Amino acid sequence: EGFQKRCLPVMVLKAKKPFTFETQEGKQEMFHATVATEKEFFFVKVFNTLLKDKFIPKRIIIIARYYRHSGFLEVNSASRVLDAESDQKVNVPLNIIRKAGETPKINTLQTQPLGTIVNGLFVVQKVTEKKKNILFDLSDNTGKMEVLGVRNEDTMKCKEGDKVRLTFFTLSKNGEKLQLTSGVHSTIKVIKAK
Amino acid sequence: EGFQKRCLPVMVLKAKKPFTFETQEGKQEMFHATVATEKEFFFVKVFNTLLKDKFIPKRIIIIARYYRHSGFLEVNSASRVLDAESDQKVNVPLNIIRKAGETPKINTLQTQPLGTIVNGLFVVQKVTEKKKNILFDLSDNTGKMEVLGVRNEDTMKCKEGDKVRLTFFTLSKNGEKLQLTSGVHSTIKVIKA
DNA sequence: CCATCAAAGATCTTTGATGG
DNA sequence: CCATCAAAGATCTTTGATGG
């Protein structure tokens with residue numbers, strides 16, 4: 001928990017493309033990644049985009065001076081990322097690689113604590129547009145949930161019957177009427193069916 | 001049973017990727033598909049790869065000047081494939097679409113007549129190599145059968161415990177000791193374990 | 001830089017497993 | 001048999017690397 005100084009050799013399961021978000025300091029860019037050790041996996045927020053070349057699938061790297069909060073790891077300019085050489089292996093079981101790239105079932109998100117990072121592809125039942133926001137009703141075979149997404153050109157093209165890929169969304173509510181909320185680092189891609 | 005001039009409306013169940021083979025004049029490309037009417041379904045040999053855009057699942061197409069031989073249909077550059085009108089429905093019952101894509105049980109292949117086209121995914125019992133061909137022993141819960149496959153770098157990687165994908169294989173032997181043979185247009189893929 | 005084309009990832013559907 | 005959902009195949013979309 002908290003800041004982790006020691007080096008943590010990990011394999012990179014997924015490395016996404018750098019995107020830009022907004023803060024009080026103005027435009028900033030980052031990229032989402034998913035890395036895993038032998039025991040488990042973690043979702044990674046990399047605020048330094050110059051490390052994109054260092055994060056590649058099938059590759060083993062060593063991360064030090066990073067942060068661990070709840071459902072993910074924070075890698076920033078103050079951190080250090082190195083490349084493995086020989087002795088470093090980090091064999092990840094088929095189960096972890098699988099569960100890291102899988103969409104969690106809605107019914108399972110009700111037993112999850114608040115602050116859980118939610119990534120996956122979900123079906124869209126109803127789309128309720130708000131002033132500064134867009135309310136999405138998402139569902140699967142195991143149940144239903146409501147997700148608050150950002151309002152933009154792509155998201156406004158989303159309609160009932162489509163799907164949405166959520167990345168680094170947070171769980172703001174659980175149990176009955178579970179809800180997800182879009183954060184600052186969150187990204188949502190709309191997938192048009194048929 | 002032969003050359004059919006009259007247009008036959010059909011719905012395309014599936015279309016695989018085009019592949020290359022060798023006979024005499026050299027490389028020739030084609031692809032395997034499956035079409036079905038309301039009455040039944042067929043396996044089609046398409047020798048025109050430009051028809052790949054014409055053959056798509058869920059789409060209703062009209063085929064004319066096509067050859068029906070024994071266990072399949074033939075569509076070449078000499079035939080004509082057009083898009084069916086809006087009044088053209090061709091509604092295929094779920095049981096036909098299901099059966100058309102399902103792997104036939106070995107014990108059922110015994111009752112089938114010689115020349116029947118066999119497509120499906122089977123389990124590998126034992127692999128005995130030959131000179132120009134490979135002998136695959138395949139089995140299921142309903143029995144066992146042997147298939148003669150082509151010899152190449154792909155089929156030599158197949159070992160007991162693996163699974164093979166048979167496409168447009170023919171049944172050369174029925175009853176006891178049933179046998180499948182790889183034809184010129186036949187294709188096989190080795191699925192690992 | 002753009003426009004090609006080739007390599008890798010994500011998506012859909014039905015095929016076949018799995019539990020009543 | 002029925003009902004339910006993920007292995008295999010195919011394709012589009014992303015990416016990445018290459019030539020105009």
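In the text below, chain A, chain B and the rest are named by the order of the sequence lines, each starting its count at 1. Side chains are part of it too, since the values below use all heavy atoms of this structure and drop only hydrogens, waters and symmetry mates.
- For the residue pair A:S182 and A:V150, the shortest heavy atom distance occurs at OG-CG1, 3.7 Å.
- Using cut-offs of 30° and 60° for the angle between ring planes, the B:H69 and B:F72 rings count as perpendicular.
- A:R98 has a carboxylate O that lies under 4.0 Å from a charged side-chain N of A:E102, or vice versa, which qualifies the two as a salt bridge.
- Comparing B:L121 and A:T142 by the nucleotide of DNA chain D that holds the closest heavy atom to each, the one mapping nearer the 5' end is A:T142.
- Listed by chain and number, the residues in a side-chain hydrogen bond (donor to acceptor under 3.5 Å, both in side chains) with A:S79 are A:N76 (sequence neighbours excluded).
- Cluster partners of A:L121 are A:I191, counting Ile, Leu, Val, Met, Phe, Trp and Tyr whose side-chain heavy atoms approach within less than 4.5 Å, directly or via other members.
- Checked against the 6.0 Å centroid threshold, B:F168 and B:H185 do not count as a close aromatic pair.
- Aromatic rings of B:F31 and B:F55 (six-membered ring for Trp) have centroids within the 6.0 Å cut-off, being under it.
- Looking at A:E38, its side chain never comes within 3.5 Å of a backbone N or O of A:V92 through a donor-acceptor pair.
- When each of A:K159, A:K177, A:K144, A:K126 is paired with A:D137, the salt bridge (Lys or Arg N to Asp or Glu O under 4.0 Å) condition holds for A:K126 and for no other.
- Under 4.0 Å is where a charged nitrogen must lie from a carboxylate oxygen, and between A:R59 and A:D83 at least one such pair does.
- Looking at residues 163-171 of chain A, you'll see A:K163, A:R165 sit with a heavy atom under 4.0 Å from some atom of DNA chain C.
- Heavy atoms of A:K52 sit under 4.0 angstrom from primed sugar atoms or phosphate atoms, though from no base atom.
- At a threshold of 4.0 angstrom between heavy atoms, the contacts of B:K58 are confined to the sugar-phosphate backbone, with no base atom among them.
- Across the strands present, D:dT18 finds its partner in C:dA3; the criterion is a Watson-Crick or G-U wobble pair with both atom distances under 3.5 angstrom.
- The partner of C:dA10, taking Watson-Crick or G-U wobble pairs whose two distances both stay under 3.5 Å, is D:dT11.
- You can see that DNA chain C meets the heavy atoms of chain B within a 4.0 Å-exclusive cut from C:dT14 to C:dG16, reading 5' to 3'.
- Contacts between residues 10-17 of chain A and DNA chain D, defined by a heavy-atom separation under 4.0 Å, are made by A:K16, A:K17.
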Please walk me through it: do A:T37 and A:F42 pass side-chain contact (heavy atoms from CB on, under 4.5 Å)? CA-CA 8 Å; A:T37 65; A:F42 313 93; 4.1 Å; yes

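- Side chains of A:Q125 and A:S139: a donor on one and an acceptor on the other come within 3.5 Å.
- For the segment residues 186-194 of chain A, the set of residues with a heavy atom within less than 4.0 Å of an atom of DNA chain C comprises A:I191, A:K194, in numerical order.
- For the atom pair CZ (B:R65) and NZ (B:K5), the distance works out to 8.0 Å, reported to the nearest 0.5 Å.
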